[PDB]
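Novice: Protein chains in written order, with UniProt numbering: chain A, 341 to 427; chain B, 119 to 224, 232 to 266, 278 to 295, 301 to 701, 708 to 944; chain C, 3 to 83. Ideal Cβ placement from N, Cα and C applies to all residues, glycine included. A single structure is presented below for examination.
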Amino acid sequence: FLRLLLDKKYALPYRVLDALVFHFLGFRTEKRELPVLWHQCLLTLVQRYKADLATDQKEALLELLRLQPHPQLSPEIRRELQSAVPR
Amino acid sequence: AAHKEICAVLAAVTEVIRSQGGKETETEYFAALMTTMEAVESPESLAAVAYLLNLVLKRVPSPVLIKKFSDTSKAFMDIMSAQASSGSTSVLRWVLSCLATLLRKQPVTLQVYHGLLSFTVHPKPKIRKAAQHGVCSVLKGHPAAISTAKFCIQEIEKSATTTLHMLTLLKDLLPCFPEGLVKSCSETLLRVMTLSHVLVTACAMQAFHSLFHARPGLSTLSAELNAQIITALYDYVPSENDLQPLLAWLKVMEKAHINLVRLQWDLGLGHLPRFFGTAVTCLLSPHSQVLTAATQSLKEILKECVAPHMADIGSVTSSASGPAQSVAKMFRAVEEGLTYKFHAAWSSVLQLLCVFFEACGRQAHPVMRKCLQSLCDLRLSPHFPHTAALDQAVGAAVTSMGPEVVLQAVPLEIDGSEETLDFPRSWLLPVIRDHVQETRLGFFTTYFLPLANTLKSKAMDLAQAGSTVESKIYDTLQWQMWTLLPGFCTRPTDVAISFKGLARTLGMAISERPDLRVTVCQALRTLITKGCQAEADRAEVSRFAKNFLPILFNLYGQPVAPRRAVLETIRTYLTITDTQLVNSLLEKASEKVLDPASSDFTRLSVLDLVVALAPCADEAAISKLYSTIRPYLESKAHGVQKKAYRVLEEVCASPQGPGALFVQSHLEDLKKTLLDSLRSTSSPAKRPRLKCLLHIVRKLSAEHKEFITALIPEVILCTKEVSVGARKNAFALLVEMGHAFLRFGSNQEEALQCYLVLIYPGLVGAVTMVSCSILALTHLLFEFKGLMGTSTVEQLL
Amino acid sequence: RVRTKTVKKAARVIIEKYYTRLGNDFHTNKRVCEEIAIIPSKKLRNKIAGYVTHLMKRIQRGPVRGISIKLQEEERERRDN
RNA sequence: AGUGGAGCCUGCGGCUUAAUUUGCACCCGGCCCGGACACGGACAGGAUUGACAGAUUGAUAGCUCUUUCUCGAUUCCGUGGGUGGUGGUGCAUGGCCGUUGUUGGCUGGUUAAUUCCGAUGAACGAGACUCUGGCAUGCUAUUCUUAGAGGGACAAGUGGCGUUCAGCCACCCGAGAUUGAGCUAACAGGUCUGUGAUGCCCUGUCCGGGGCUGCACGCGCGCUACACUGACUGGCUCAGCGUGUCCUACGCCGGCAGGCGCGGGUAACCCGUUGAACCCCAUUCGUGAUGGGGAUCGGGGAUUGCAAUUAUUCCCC
C-alpha cells in the first residue's frame with residue numbers, strides 16, 4: 341500500500357512526509373531482514389518526493405542506508421539521494 | 119448462558135432451595151401458589167412453578183403429605199382436567215412428575238393412581254414417557281398392581302400404535318404383579334402373538350424377558366404356570382432363519398427354563414430335553430449369531446441348571462427312570478447333534494460336548510461312550526479343521542470320564558505287536574498326558590507298565606536287528622506314554638495303597654533309565670505339588686523317601708545329566724520328609740565334605756546336597772553345620788565360599804522352625820562372622836550373601852545400627868555388582884533395610900533422613916562408588932517417594 | 003529377549019531335512035548344529051540350538067503318526083539318493 | 001460357424017451444413033466489464049454517479065433508445081511498438097502435517113423404543129542395529145604378567161500368569177540370565193502467504209434457441225433373415241452368475257401398453273421352490289418374395305421427464 345500510494349504521485353502534505361520519515365527512523369536499529377519490497381518502497385519514495393526532503397532527512401536516510409544496506413537496490417537509493425534537488 | 123450457572127435450577131435449587139426458610143421442607147409455598155394455579159391459564163409460568171415443586175417435593179415431607187394428600191390430590195385433578203381441556207404439554211408433564219413423587223412417598234389414592242395411569246396412552250411422547258416412568262417409580266417404591285394390570289389388559293382387549306407403549310408398560314411392570322394377573326397377561330400376550338405383526342412380537346418377547354429375568358418368587362410366578370408358559374410358547378419357532386425374533390425366543394426360553402429349574406429342579410430338568418432338541422434342530426440355521434446364542438444358552442444351562450444338581454441325580458444307565466432319564470435324553474440330543482447334517486457348527490457342537498463332559502462324565506459314564514466312538518470316527522476324516530476342538534473335547538472327557546472308561550470305549554491299538562505302523566489313535570496319549578488329573582494310579586500301573594516293558598523290549602530288539610526306523614517310533618511311543626505318570630500323579634485317589642507298587646519301579650527307572658529320568662523327577666515333584674493333602678499319603682511318601690533319598694543323592698553326585712531337576716526334586720522331597728533321616732544324611736554329607744580324599748566336583752555336589760539338607764534339619768544339626776561351614780567362608784575357592792554363603796542363606800531363609808531358633812540363638816556370632824568374612828568375599832559369593840544379609844534384616848532388633856552402617860558400602864558396591872542377581876539382591880536389601888529403619892524410631896521421616904545421611908557421603912569419594920551411590924539413591928527415590936520430603940529431594944536433585 | 007526371522011527359518015529347514023539326527027537335550031542339539039551346518043556366527047549357532055531345543059521339547063509331545071510318516075518320508079529320501 | 005450379399009443400427013473417411021465439436025468442446029443472437037506511465041484536450045460556466053415511466057428486444061433492462069431530476073472532482077477522451085499485472089510457469093528459500101504400545105473416565109418438538117434431530121477428562125512406559133566383557137590351571141612362544149586361536153550362554157532348566165502359543169514374572173545352577181562402544185535421522189507425499197529489484201511467455205461470465213451424423217459414397221464391427229432341421233396356435237417342463245430403497249409379491253380396472261390401493265425386502269429372510277428361452281408334445285400352413293422376412297410409412301392410446309417437434313420409449317390396427 342505504501343509503494344503503490346507513493347506511486348500515485350500526488351501532492352504530498354508535509355505532516356505526512358514527517359510521519360513517513362518518523363516511521364523510517366523507527367526502522368533504525370532493528371536487525372530483522374527487510375524484504376526487497378521494503379527497498380522498493382524506499383526507492384519509490386526517493387524517486388517521487390526527493391525534492392520535498394530537507395537536508396537532515398537526506399542524511400538521516402543516508403545512515404538508514406548505511407546500517408541497513410542492500411547488495412542490489414541500495415546504490416539506486418544512494419544516487420537518488422545524492423542527485424536530489426531540494427525546494 | 120444462565121442454565122449452566124451454579125445459582126440456577128441446575129444444581130443449587132436441588133440442594134439449598136428445598137430448605138424453605140432454613141428447614142426442609144415447607145409446602146407453604148405450594149399451598150400459597152394455589153392462587154396462581156387457580157383461574158390463571160397462562161403458559162410458561164405454570165410450567166416453572168410446576169418444575170420447581172417437582173424438584174422440591176422429593177425431600178420427604180411425608181407426614182404432611184399424608185395429612186394434606188387430599189388437598190394436593192384435588193389440586194392435581196383440577197390441574198389435569200383444566201390442562202386436558204386446554205391442551206398443553208410442559209405443565210402436564212411435571213404435574214405428572216409430582217404425582218409420581220407424591221404417590222411414591224405416600232380409596233381416593235386409587236383414584237389418584239387411576240388419574241396418573243390414564244395419561245399413559247396419551248399420544249404426546251413427553252406426557253406418555255413421564256407417565257410410564259412415574260407409574261414404574263410408584264409401583265417400585278403392592279395393592280395397586282391388580283388395578284393397573286386390569287387396566288393394561290382391558291386396554292389391550294379394546295384395541301395399533303399404543304399397543305407397543307402399553308407393552309413397554311407390561312415389560313417394565315410384569316415382576317410386580319400377582320399370579321392370577323400374571324396368568325391373564327400371559328394369555329393376553331399370547332393372544333397378540335396370534336397376530337402376525339413383528340413389532341408387537343418383539344415387544345412381547347421383551348416383556349417376557351423382563352418377567353423371567355427378574356427371577357420372581359412363588360407369589361408372582363409358580364412352577365406350574367412357568368411350565369404352562371414354556372409349553373404354550375413352543376408354538377411359534379418363527380421359521381428357522383429370521384434372526385430377529387429367534388434370538389429373543391431362545392432368550393426367553395433360557396430365562397424361563399432357569400426359573401423353572403430354580404423353582405423345582407426335577408420338573409425343569411424334565412422339560413429341558415425338548416428345549417435341547419429344538420436348539421439342536423435350530424442349529425441348522427445359516428446365521429452365525431443363532432449358533433452363538435444357542436451355544437451360549439445351552440452352555441450356561443448346563444453349567445448352572447445341571448451341574449450343581451447332578452450329584453443328587455447320581456449315576457445314570459440306559460434304564461433310568463427319573464431326571465437321570467432326562468439327562469440321558471439330554472445326551473441323546475447333543476449326540477444326535479454330532480451327525481453330518483451340521484458340518485459347519487461342529488466347533489460349537491464340540492464345545493457343547495466338552496462342557497457336557499466336564500459337567501456330567503463322572504456320573505454319566507455307562508451310556509456316554511457311543512458318542513466318544515463317533516467323535517473318534519470323526520477325526521478319521523482326511524481334512525478336519527476342528528482337530529483342536531475335538532482334542533479339547535477328548536481332554537475334557539479324559540478329565541471327567543477317566544481314561545480307564547475312555548479306553549474301554551475307544552481302546553488303544555498299540556497293544557504290543559502291530560502289523561502296520563500307521564497308528565490312527567496316536568493322539569490319545571497326548572490327550573491323556575495333558576488331561577489326566579483325578580484318576581487312580583493303579584490303573585496306570587496295571588495297564589501301562591507291562592505294555593511299556595514289551596514295547597521297549599520290542600524297540601531294543603528291532604534296533605539290534607538293523608531296523609532303525611520302527612525302533613525310533615516305538616521308543617517315541619513308550620517315552621510319550623511314560624509321560625502319563627505326572628498326569629496320574631496329579632490328584633490320585635488310591636495313592637495310599639498304589640504307591641507301594643511303583644516305588645522300586647521308579648527307583649530303577651530313575652537309576653538305570655536316563656531317558657525317562659527328568660519326567661520321573663517331574664512326576665515326583667508333580668505328585669508332591671498336589672498330592673500330600675492327606676496324612677497317610679504323606680506318611681507313605683516319607684516311608685519311601687527313606688529309600689529314594691540315597692538313590693537321588695547318588696544320581697546327583699555322579700560324574701558326567709539333568710542335575711537341576713534332580714536338585715529341585717530333592718529340595719521339595721526333603722521339605723516333605725522327617726527330620727531324623729535329614730540329620731543322618733546331614734552327618735553323611737558333612738563326613739563326605741570333610742573327607743580330604745574327595746574330588747572338587749564331588750565336593751561341590753555334596754555341598755549342594757548340604758544346601759538342600761540345611762533348612763530341613765533341627766536346631767542342633769543346623770548349629771553344628773554352621774560351626775563346620777563357618778571356617779569355609781574365608782576359603783580362597785570361589786565355589787566353596789559360594790556354597791557356604793548359600794548354606795548361610797538357606798538356614799536363615801526359614802521364618803519359623805529350627806532355623807529361626809538357630810538365628811535367634813546365634814545372631815551375635817552370625818553378625819561377627821559376616822563382618823569378619825566381608826573382607827574376603829569373592830565376586831559370585833556376593834549374590835547369595837546379600838540374601839543371607841536380607842534374611843537377617845527383617846527381624847533385626849533396634850540395637851544393631853553399627854552392623855547396618857558397616858554393611859552400607861557392601862550393599863552399594865553390590866548395587867553396582869557384575870551379576871544382575873547380586874544387583875537385584877542389593878536393591879531388595881536396600882529396600883528392606885530402609886524398612887528396618889522404619890521400626891527403630893517414632894518419626895518415619897527423621898529415620899529415613901538418618902538412613903539417607905548414612906549413604907550421602909557416597910557422593911564424595913571415588914568415581915565408581917559415586918556412580919554406585921547415585922544408583923542407590925535412584926532406587927531409593929522410587930520406593931519411599933514422599934517420605935524423604937520433597938525439598939530434601941530437591942537438594943539431592 | 004525377542005526372536006528374529008533367520009534363526010527360526012534356518013531351524014525349520016534344518017529340521018525338515020534332518021529331523022532324524024536331532025536329540026532331546028541342548029548339548030546334542032549343539033553337536034548336530036556343528037556337524038550339520040557350518041554356521042560361522044557363534045551367536046546365531048547358539049540361538050539356533052536354543053530354538054531347536056524348544057522345537058524338540060515341543061513336537062515330541064504330539065501325535066506319533068505324523069512323526070512315523072515323517073521318518074518314512076526321510077528314510078525314503080535318504081534311500082533314493 | 002461365419003462376415004463380405006440384403007434391410008436396419010453404428011465407428012472412421014468423404015459430402016451437405018451456421019454447427020453437423022474434439023483428439024458441450026460446436027453454431028446463431030443478447031448482457032457484463034477491458035491498466036497505470038508520458039504528453040495533448042474537456043471539467044466547478046460544471047467532470048462524473050444513481051434513477052421512475054415508456055420502448056427496443058425471442059424477453060426485461062438507466063446494463064441499451066427517449067424525457068429531464070439528482071451525486072458532485074470520487075474526473076474521462078486520444079496517441080505511444082514505453083513498461084506491464086487479480087496474470088501462467090521453474091529454481092534456492094523458513095515453518096507445519098502424516099509417514100517410515102498400556103491402563104483408566106438435557107429447555108424443545110420426535111419414535112414401538114435410553115428412537116430422531118436439537119443445546120451440550122486423565123495418566124504409565126518405550127534402541128528388538130553391529131561388535132563385545134566377567135570364567136578358562138585347555139592349544140599355541142604359559143598355573144602369577146602377555147597375544148593369536150579354540151571353548152563357554154542360548155532364556156538353556158524350574159514354578160506360576162497366559163487365546164495354552166507368542167510373551168511376562170520370580171528362582172536354582174552357572175563367571176556371565178545383560179556390562180560396555182558405535183549408530184538422532186529422512187520427505188522424489190507434501191503442505192502453509194516469506195525470502196531473490198529470481199529465469200522465462202503474454203497484456204471470460206450469464207441467458208434463449210439449434211446441432212451433436214444430418215447422407216451420393218468408400219472402408220469395417222454388429223443385429224434380423226433369406227424358410228419345411230421352418231413360421232403360427234395351444235399344452236408341457238428344466239437353470240446359473242448377480243442386483244435391489246428402487247426390486248417387487250398380492251388385490252381391483254383395462255384387450256394391451258399401463259393406473260389405483262395395500263404389504264415384504266439395507267437382503268442366502270422378500271421378489272425367488274428366480275415356473276427363462278431354445279427344447280418336447282399336439283394343431284394349421286405346402287415350395288408360392290407365400291401364414292418366410294420385417295424395413296419404411298398412416299391413425300389412435302400410455303408412460304418418463306421443466307421440454308418428446310427432426311418420430312425418447314412402449315402398446316394396437
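Between C:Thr55 and C:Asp27, what straight-line distance do the alpha-carbon atoms span, to the nearest angstrom?
Specialist: The residue given as residue 55 of chain C occupies position 53 in the third sequence. The residue given as residue 27 of chain C occupies position 25 in the third sequence. C-alpha separation (whole angstroms): 6 Å.
Novice: Quick one: list the residues of chain C neighbouring B:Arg574, beta-carbon separation under 8 Å, in chain order.
Specialist: By 1-based counting over the second sequence, the position of residue 574 of chain B is 433. Result: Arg63.
Novice: What does the alpha-carbon distance come out to for the pair B:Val496 and B:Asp755?
Specialist: In the second sequence, residue 496 of chain B corresponds to position 355, counting from 1. In the second sequence, residue 755 of chain B corresponds to position 608, counting from 1. Cα to Cα, the separation comes out at about 47 Å.
Novice: Cβ atoms of B:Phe472 and B:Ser541: under 8 Å apart, would you say?
Specialist: Walking along the second sequence from the start, residue 541 of chain B turns up at place 400. Walking along the second sequence from the start, residue 472 of chain B turns up at place 331. Result no, Cβ atoms of B:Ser541 and B:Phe472 do not sit closer than 8 Å.
Novice: Count the other CB atoms, across all protein chains shown, that sit within 10 Å of the CB of B:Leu693; report buried if there are 16 or more and exposed otherwise.
Specialist: The sequence position of residue 693 of chain B within the second sequence is 552, counting from 1. Result: buried.
Novice: Please confirm if the segment 863-879 of chain B is in contact with the segment 822-829 of chain B, defined as three or more CB-CB distances below 8 Å between the two stretches.
Specialist: Judged by Cβ distances under 8 Å, the segment 863-879 of chain B makes no contact with the segment 822-829 of chain B, as fewer than three pairs qualify.
Novice: Between the Cα of B:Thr458 and the Cα atoms of B:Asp196, B:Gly140, B:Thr480 and B:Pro507, which residue gives the shortest distance?
Specialist: Along the second sequence, read from residue 1 onward, the residue named residue 458 of chain B stands at position 317. Minimum Cα distance to B:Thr458 is reached at B:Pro507.
Novice: Which complete alpha helix (DSSP H) runs does the segment 888-943 of chain B hold, if anything under 4 residues is left out?
Specialist: For the segment 888-943 of chain B, whole alpha helix (DSSP H) runs of length 4 or above, ordered along the chain, are 895-904, 914-928 and 937-943.
Novice: Inspect the beta-carbon positions of B:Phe318 and B:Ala285 and report whether they are closer than 8 Å.
Specialist: For the purposes of this step, residue 318 of chain B is taken as residue 177 along the second sequence, with counting starting at 1. For the purposes of this step, residue 285 of chain B is taken as residue 149 along the second sequence, with counting starting at 1. A contact, by the Cβ cut-off of 8 Å.
Novice: Would you mind giving the Cβ-Cβ distance between B:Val713 and B:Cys662, rounded to the nearest angstrom? I have them listed as a contact below 8 Å.
Specialist: Within the second sequence, residue 713 of chain B is the residue found at index 566, counting from 1. Within the second sequence, residue 662 of chain B is the residue found at index 521, counting from 1. Yes, they are in contact, since the Cβ atoms of B:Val713 and B:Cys662 sit about 6 Å apart, within 8 Å.
Novice: DSSP on B:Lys141, reduced to helix/strand/coil?
Specialist: On the second sequence, position 23 is the one that residue 141 of chain B refers to. In this structure, B:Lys141 counts as strand in the three-state DSSP scheme.
Novice: So with CB distances below 9 Å, who are the chain B contacts of residue 84 of chain C?
Specialist: Residue numbering for chain C in the displayed model covers 3 to 83; residue 84 of chain C lies beyond these limits and cannot be assessed.
Novice: How long is the line joining the alpha carbons of B:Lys186 and B:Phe417, rounded to whole angstroms?
Specialist: The residue given as residue 186 of chain B occupies position 68 in the second sequence. The residue given as residue 417 of chain B occupies position 276 in the second sequence. Each residue's alpha carbon lies about 59 Å from the other.
Novice: Evaluate contact between the segment 421-436 of chain B and the segment 376-394 of chain B, counting only Cβ atoms and requiring at least three cross-stretch pairs below 8 Å.
Specialist: Output reads yes: the segment 376-394 of chain B touches the segment 421-436 of chain B.
Novice: State the DSSP-derived secondary structure class of B:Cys763, mapped to helix, strand or coil.
Specialist: For this step, residue 763 of chain B is matched to residue 616 along the second sequence. DSSP places B:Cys763 in coil when its eight states are reduced to three.
Novice: Just tell me which of B:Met198, B:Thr722 and B:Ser327 has its CA closest to the CA of B:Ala761.
Specialist: As a position in the second sequence, residue 761 of chain B is number 614, starting the count at 1. Nearest option by C-alpha distance: B:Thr722.
Novice: For B:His484, name the three-state secondary structure that DSSP assigns.
Specialist: For the purposes of this step, residue 484 of chain B is identified with residue 343 of the second sequence, where counting begins at 1. DSSP places B:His484 in coil when its eight states are reduced to three.
Novice: State buried or exposed for B:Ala452, treating a residue as buried only when at least 16 other CB atoms are found within 10 Å of its CB.
Specialist: Start at 1 with the first residue of the second sequence, and residue 452 of chain B comes out as number 311. Exposed, because fewer than 16 other Cβ atoms sit within 10 Å of the Cβ of B:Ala452.
Novice: Any idea if B:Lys739 is buried or exposed, counting beta-carbon neighbours within 10 angstroms, 16 or more meaning buried?
Specialist: Position 592 of the second sequence, counting from 1, holds the residue named residue 739 of chain B. Buried is the call here.
Novice: Kindly list, in the order they appear in chain B, the residues whose Cβ is closer than 7 Å to that of C:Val66.
Specialist: One-based indexing of the third sequence puts residue 66 of chain C at position 64. Those are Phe564, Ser567, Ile614, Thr617, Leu618 and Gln621, listed as they occur along chain B.
Novice: Does any CB atom of chain B fall closer than 8 Å to the CB of C:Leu57?
Specialist: As a position in the third sequence, residue 57 of chain C is number 55, starting the count at 1. It does not; no Cβ of chain B falls within 8 Å.
Novice: Does the beta-carbon distance from B:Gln514 to B:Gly455 come in below 8 Å?
Specialist: Along the second sequence, read from residue 1 onward, the residue named residue 514 of chain B stands at position 373. Along the second sequence, read from residue 1 onward, the residue named residue 455 of chain B stands at position 314. No. Outside cutoff.
Novice: Could you check which residue in B:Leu519, B:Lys846, B:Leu881 and B:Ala873 has the C-alpha nearest to that of B:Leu858?
Specialist: Position 711 of the second sequence, counted from the first residue, corresponds to residue 858 of chain B. When only C-alpha atoms are compared, the closest one is B:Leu881.
Novice: With a threshold of 8 Å between beta carbons, is C:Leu73 in contact with chain B?
Specialist: Here residue 73 of chain C corresponds to residue number 71 of the third sequence, with the count starting at 1. Answer yes: the Cβ-Cβ gap between C:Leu73 and chain B drops below 8 Å somewhere.
Novice: Just to make sure I have the definition right: I need the residues of chain C whose C-beta is within less than 8 Å of the C-beta of B:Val610. Which are they?
Specialist: For this step, residue 610 of chain B is matched to residue 469 along the second sequence. By Cβ distance, chain C contributes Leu73, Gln74 and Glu77.
Novice: In chain order, which alpha helix (DSSP H) runs of at least 4 residues are fully inside the segment 421-497 of chain B?
Specialist: Here the runs fully enclosed are 429-442, 451-454 and 464-477.
Novice: Nearest-angstrom Cα distance between B:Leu840 and B:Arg834?
Specialist: Counting from 1 along the second sequence, the entry for residue 840 of chain B is found at position 693. Counting from 1 along the second sequence, the entry for residue 834 of chain B is found at position 687. If I take the Cα positions, the gap works out to 11 Å.
Novice: Could you work out which residue in B:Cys216, B:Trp212, B:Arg645 and B:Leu170 is closest to B:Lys687 when comparing CA atoms only?
Specialist: By 1-based counting over the second sequence, the position of residue 687 of chain B is 546. Per the Cα distances, B:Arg645.
Novice: Can you name the start and end residues of the alpha helix (DSSP H) that B:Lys789 belongs to?
Specialist: Start at 1 with the first residue of the second sequence, and residue 789 of chain B comes out as number 642. Here the alpha helix (DSSP H) through B:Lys789 covers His785 to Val798.
Novice: Are the beta-carbon atoms belonging to B:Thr419 and B:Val468 less than 8 Å from one another?
Specialist: On the second sequence, position 278 is the one that residue 419 of chain B refers to. On the second sequence, position 327 is the one that residue 468 of chain B refers to. Not in contact: B:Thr419 and B:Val468 (Cβ atoms no closer than 8 Å).
Novice: Take C:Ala13 and list the residues in its own chain whose beta-carbon comes closer than 7 Å to its own, dropping the five residues that flank it on each side.
Specialist: Looking up residue 13 of chain C in the third sequence gives position 11. So the list reads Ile50, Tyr53, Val54 and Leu57, once near-sequence residues are dropped.
Novice: According to DSSP, is B:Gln405 part of a helix, a strand, or is it coil?
Specialist: By 1-based counting over the second sequence, the position of residue 405 of chain B is 264. Note: B:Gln405 maps to coil in three-state DSSP.
Novice: Taking the alpha-carbon of B:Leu217 as reference, which of B:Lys771, B:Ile442, B:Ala255 and B:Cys512 has the nearest alpha-carbon?
Specialist: Counting from 1 along the second sequence, the entry for residue 217 of chain B is found at position 99. For B:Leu217, the nearest C-alpha among the options comes from B:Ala255.
Novice: Compute the beta-carbon to beta-carbon distance between B:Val757 and B:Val794, rounded to the nearest angstrom, for a pair I have assumed lies under 8 Å.
Specialist: Position 610 of the second sequence, counting from 1, holds the residue named residue 757 of chain B. Position 647 of the second sequence, counting from 1, holds the residue named residue 794 of chain B. Right, their Cβ atoms sit about 6 Å apart.
Novice: From B:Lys597 to B:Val421, what does the alpha carbon distance come to, in whole angstroms?
Specialist: The count along the second sequence starts at 1 and reaches residue 597 of chain B at position 456. The count along the second sequence starts at 1 and reaches residue 421 of chain B at position 280. Looking at the two C-alpha atoms, the distance is approximately 47 Å.
Novice: Return the chain-ordered ranges of every alpha helix (DSSP H) run that is complete within the segment 185-223 of chain B and spans a minimum of 4 residues.
Specialist: The segment 185-223 of chain B contains these whole alpha helix (DSSP H) runs: 187-204 and 208-223.
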